[PDB]
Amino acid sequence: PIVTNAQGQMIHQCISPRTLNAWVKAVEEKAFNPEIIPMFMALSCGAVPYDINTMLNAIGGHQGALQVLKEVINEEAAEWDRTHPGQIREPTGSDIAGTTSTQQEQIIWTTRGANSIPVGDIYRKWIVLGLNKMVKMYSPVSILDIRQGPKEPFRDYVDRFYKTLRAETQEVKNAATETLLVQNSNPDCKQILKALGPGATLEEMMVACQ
């Protein structure tokens, strides 16, 4: 990340061994479940591209997934260059990816006074795009084929419903609640849920199926 010294200058601070190991453990445990996105965003908070590359390269397995991320980064870096053909140069696509830029150069870009480019946040946005492709990828089933098992508790069916929905806005969710959640529930709950009338909250539904 970036920090200010006693002198008031913007200097680089190395990513901590704790944060790096926390990221390694997260990818090993949480695979590419939807919660890997906020885990990445939290651990990469305030990081410059130099720090972020350390995180990605430190992952041991999942090398096919990391290859998908690196492909996505090249696409976004190319799109950047397309719209962006003793002072500091303007950052290229590879400069934002930290592959052709140094720690110090990345700090100058984020903290300069005129035309401040947050290269850290942009590169984080590129990686979230690749992670979203992987999160969508390890969830095969679509929200339409999420039907409550004959002897599945309604609590657990609701979690599979919204987990799958998460892998895919706030409003497109509300279209699935009143048309797919009630439709795909098992016959024991569909009778009870339709008996609560329209406009019932999700809380009122989960209690009525307990």
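Sequential numbering from 1, following the sequence displayed.
Unresolved deposited residues lying between neighbours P85 and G86: Gap size class: 4 to 9 residues without coordinates, per the record.
Unmodelled stretch of the deposited sequence separating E168 from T169, binned as none, 1 to 3, 4 to 9 or 10 or more: The entry has 1 to 3 unmodelled residues between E168 and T169.
Residue range whose averaged C-alpha B-factor is higher in the record, 178-186 or 34-42: Per the deposited B-factors, the answer is 178-186.
Higher-scoring stretch by recorded Cα B factor average, 88-96 or 70-78: If you average the C-alpha B-factors of 88-96 and of 70-78, the larger mean comes out for 88-96.
Identity of residue with top Cα B-factor, from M10, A22, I15, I192: Out of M10, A22, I15, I192, the record gives the largest C-alpha B-factor to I192.
Which of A65, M55, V27, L144 ranks first by CA B-factor in the deposited coordinates: Most elevated C-alpha B-factor of the set, per the entry: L144.
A114 by Cα B-factor - lowest, middle or highest third of the modelled chain: Top third by C-alpha B-factor.
Ranked against its chain, the third holding the CA B-factor of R160: Lowest third, going by the recorded CA B-factors of the chain.
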